[PDB]
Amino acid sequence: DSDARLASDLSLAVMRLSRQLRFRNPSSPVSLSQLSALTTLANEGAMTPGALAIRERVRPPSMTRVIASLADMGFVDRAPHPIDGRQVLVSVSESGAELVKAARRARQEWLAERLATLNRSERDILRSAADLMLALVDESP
């Protein structure tokens, strides 16, 4: 009963809050999808376009265009794959890596401002909540 309502409310809250945090790309010529691909590439390291498409759950034609756009802006490099495949490996450039870190700082600074409008008790609840939510994604199959 209130089980259903907690799943509804918590899902809503995390989607709505994350929506705002995704919007914390400092203005920049990269889209939401481009930044997401870049972030994955930066955090997980060099990979092929096919693997990246899979990691993002986007189909290869769409991801190949994202990659091309990121490369054009110099945010991702391309190198031939060692071991003749013959695939390409894509990785973040230093401007790409810096962009991902800049975006993360931006989310953090934005969030801190919002959290400051709450009292200490509320922030304490969100601390426990943050730990639990992190555990939930860790523990998911």
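Note that residue numbering follows the sequence shown and begins at 1.
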- Item | Entry-level comparison of average CA B-factors, 89-97 and 23-31, reporting the higher stretch | 23-31
- Between 131-139 and 1-9, the record assigns the higher mean Cα B factor to 1-9
- Query: Between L115, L70, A37, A79, where does the Cα B-factor run highest in the record?
  - Reply: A79
- Going by the CA temperature factor in the entry, name the top one among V66, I83, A102, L111. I83
- Message: Taking only the Cα B-factors deposited for this chain, tell me whether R16 sits in the lowest, middle or highest third.
- Response: lowest
